[PDB]
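First up is the structure itself, then whatever we jot down about it.
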Amino acid sequence: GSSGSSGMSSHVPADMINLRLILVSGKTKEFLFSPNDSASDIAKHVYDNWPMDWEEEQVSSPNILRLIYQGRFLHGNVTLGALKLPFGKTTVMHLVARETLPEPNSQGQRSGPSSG
């Protein structure tokens with residue numbers, strides 16, 4: 001018989017965009033995506049990956065599964081391409097599952113305390 005094994009390389013190309021999928025608390029992993037792929041493909045990919053790390057598992061919507069970037073949220077129709085993101089790089093993004101907001105607190109909101 002015979003056997004062979006040659007091949008090793010750990011570097012992101014300039015045609016793909018490395019994305020960092022983070023979860024609650026922490027735990028993250030480097031991924032790859034195209035500029036023609038939309039948050040869907042990504043969010044989807046993530047879902048497809050891993051066996052199951054979330055009780056809930058019986059939905060299908062880009063809303064519930066929204067991708068966060070730099071704190072903000074990316075649209076489901078948005079695509080790395082439209083994000084004119086730099087190739088051969090690593091982006092940081094957060095993921096969550098909720099048809100609504102995460103916490104009761106929205107940016108750009110001033111309060112008026114009863115006092116002068």
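Going by the structure tokens order, chains are called A, B, ..., each with residues numbered from 1, while ligands are numbered from 1 in the order shown.
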Identify, with DSSP run on backbone atoms, the residues in range 24-89 of chain A assigned to strand (DSSP E), and express the list as a count of residues only. 14
Spatial neighbours of residue 95 in chain A, 9 Å, only C-alpha atoms, chain gap at least 4 places, as a list in words: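 Once the adjacent positions are removed, what remains is residues 21, 22, 23, 24, 43, 65, 66, 67, 68 and 69 of chain A.
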Let me make sure I understand: among A:13, A:4, A:76, A:113, which one has the smallest atom-to-atom distance to residue 40 in chain A if we use only C-alpha atoms? A:76
Looking at A:35, A:112, A:102, A:51, which one is nearest to residue 82 in chain A, with distances taken over only C-alpha atoms?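 Under the stated criterion, the closest residue is A:35.
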Residue 96 in chain A proximity check over A:30, A:47, A:77, A:1, using only C-alpha atoms: winner is A:47
Interatomic distance between CA of residue 101 in chain A and CA of residue 71 in chain A?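 Here the two named atoms are 12.9 Å from each other.
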How many Å separate CA of residue 38 in chain A from CA of residue 9 in chain A?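 Atom-to-atom, CA of residue 38 in chain A to CA of residue 9 in chain A, that is 26.5 Å.
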